[PDB]
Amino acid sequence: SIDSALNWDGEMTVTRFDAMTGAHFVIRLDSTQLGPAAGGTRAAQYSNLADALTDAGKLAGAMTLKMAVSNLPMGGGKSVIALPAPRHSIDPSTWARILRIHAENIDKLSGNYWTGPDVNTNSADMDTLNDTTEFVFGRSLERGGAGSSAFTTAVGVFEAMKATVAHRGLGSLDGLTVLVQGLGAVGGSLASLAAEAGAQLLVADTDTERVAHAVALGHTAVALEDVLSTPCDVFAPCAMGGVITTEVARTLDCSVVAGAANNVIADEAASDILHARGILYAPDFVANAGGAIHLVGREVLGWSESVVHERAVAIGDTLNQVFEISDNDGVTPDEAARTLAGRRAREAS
C-alpha cells in the first residue's frame, strides 16, 4: 500500500503526477552522506504506484552501497517513471513531455541528485534531460558526457564472475556452463565475454530476435519457463530484479550466481538459503558497479578510459575481499559486502 511504501527510511522521496500524460514520477534519495545522490532513471509500467515507490527505494539503497563499496564519492538515489502504457506505445510527444517534467524535478533538487540511464532510458534521453537540467550523467559523447555504461558494466560482471567461480573452486570459466538471463545491453556483452573465455552459454530473453542472434553465435536457447529450473554452473541474471525468491533459492541448480541485474535477491531468506546451500552469490551491488565506475569515474573524477577499465576489473578483487569476510565471519556474501561498503565509506571520510 501507499502507507507501507511511505514507511521508508531514506533521506527523501520526491513524487509528481502529470495528469496530461498520466505518468507518475518518483525520485528516491537513499543517502547523501558520501556526496550527492546518484542513480539512473528507470521507466516502466507498474501495477500500482506503491510498487514504483518500493522499487525506487530498493534501487536507491543499492546505489548507496554500490558507490560506497566501489570507493566512489557519491550518495545513492534512483528515479522511477511509472508509465501510463508500455514504453512501445508511448508517442514521441508524450515521451518528450515526460522527460521535460522529470528534468524539472531533478532541477529542483539542485545538485543533491544526479541522474543517468537505466532500463528504458538512454543517452539520447540524457541529452534531452540536459536541455533542462545540469545534473545528468550519461549524455552522448557529443553532448559532453561519457555515453553508454553498458560495456563497462559487462566487463565488471565478467570479472566478478571469474573471481566467483575461482573462489567456489570451479577453476576458470573455460568449459563451464553459464546461463545468461537477459540479452540486453549488458547481457549481450557479458555473453560474448564469457564465450571468448571458453564458457558454454545458455541464454534467454523475451526478445526472440536477440535469442536468434545468440543461437547464430553458437549459444543454446532456454525457454523462459525453464530459466530458473535449468542446470548450470553459473546463473547470470541480467534482466530485472527480484528473480531469486526464497522458493527459487531452495531449488536453483547452480554453483555460482553472478549477474548484472539490480536487486537480484528478492528476500533476505533467499540470501541465507543460497549461502547455506553452498551456492556462491557475488552481491549485485558489488558485481554490477562497472556502470557507476564508468559514469562517475569519467564524468566526475576525470579518469581515463584505461583507468575506468582497470577499476571495473578490480571488482574481482573487491569480491575477493567480500568472500574473505564471509568466510572468516560466518556471514552471507550480501552482509559481508555491506560490511566492506561501511569500511570503505568510513575510510573515505
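Just count from 1 along the sequence shown to find any residue number.
According to the PDB record, 141 to 149 carries the higher mean C-alpha B-factor of the two stretches 141 to 149 and 162 to 170. Taking the mean C-alpha B-factor of each stretch as recorded, 53 to 61 and 33 to 41 are not equal, and the higher mean is that of 33 to 41. Within the selection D327, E335, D18, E11, the deposited Cα B-factor values reach their highest point at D327. Out of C254, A96, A221, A260, it is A221 whose C-alpha atom has the highest B-factor in the PDB entry. Compared with the other modelled residues of the chain, the Cα B-factor recorded for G175 ranks in the highest third. Residue-level temperature factors show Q321 in the middle third of its chain, judged at the C-alpha atom. Sort the chain's modelled residues by C-alpha temperature factor and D127 lands in the middle third, per the entry.
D272 sits in the lowest third of its chain by CA B factor, as recorded in the PDB entry.
For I315, the recorded CA B-factor ranks within the middle third of the chain. Only modelled residues enter the ranking.
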